[PDB]
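Protein sequences appear in the order of chains A and B. In this text, residue positions in the first sequence follow this note's numbering: the first is 36, and each later residue adds one. In this text, residue positions in the second sequence follow this note's numbering: the first is 73, and each later residue adds one. Just so it is clear, CB atoms sit at the ideal spot from N, CA and C, and this is done for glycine as well.
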Amino acid sequence: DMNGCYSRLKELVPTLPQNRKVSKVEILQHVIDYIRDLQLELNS
Amino acid sequence: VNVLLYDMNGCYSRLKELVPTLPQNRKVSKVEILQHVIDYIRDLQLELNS
Numbered sequence: 036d037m038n039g040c041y042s043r044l045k046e047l048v049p050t051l052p053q054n055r056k057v058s059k060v061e062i063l064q065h066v067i068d069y070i071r072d073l074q075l076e077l078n079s
Numbered sequence: 073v074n075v076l077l078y079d080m081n082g083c084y085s086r087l088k089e090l091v092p093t094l095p096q097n098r099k100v101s102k103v104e105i106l107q108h109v110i111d112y113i114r115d116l117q118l119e120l121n122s
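What follows is the structure, given as structure tokens:
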């Protein structure tokens with residue numbers, strides 16, 4: 036469900052804390068930035 | 073070279089474009105988008121190091 040996915044994203048993304056609140060938009064912003072960071076880590 | 077900030081609508085749009093398993097045209101729910109995002113992050117993480 037939605038809140039399980041958001042919690043998992045906080046666990047997986049190392050720029051987000053886990054147990055203090057973060058806006059869901061700022062969560063997804065960090066997710067986008069982290070996905071780009073990992074894609075670049077592999078390929079130019 | 074993107075450092076753009078997105079709102080909620082923009083975030084879900086950008087995630088559909090970033091995540092290769094998400095169709096940019098299909099009628100996917102927000103929870104479905106996040107489920108694909110989670111599995112994709114995990115795959116990327118597993119490809120980083122050994």
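query                                                                                                                                         : result
Give me the Cβ distance between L77 of chain A and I62 of chain A, rounded to the nearest whole Å; I'm assuming they're in contact under 8 Å. : Not confirmed; about 23 Å, so no contact.
Is the CB-CB distance between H108 of chain B and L118 of chain B below 7 Å?                                                                  : no
Does the beta carbon of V57 of chain A sit closer than 7 Å to a beta carbon anywhere in chain B?                                              : no
Please compile the residues from chain A whose C-beta is within a distance smaller than 9 Å of the C-beta of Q107 of chain B.                 : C40
Just reading off the alpha helix (DSSP H) that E104 of chain B is part of, what are its end residues?                                         : 102-118
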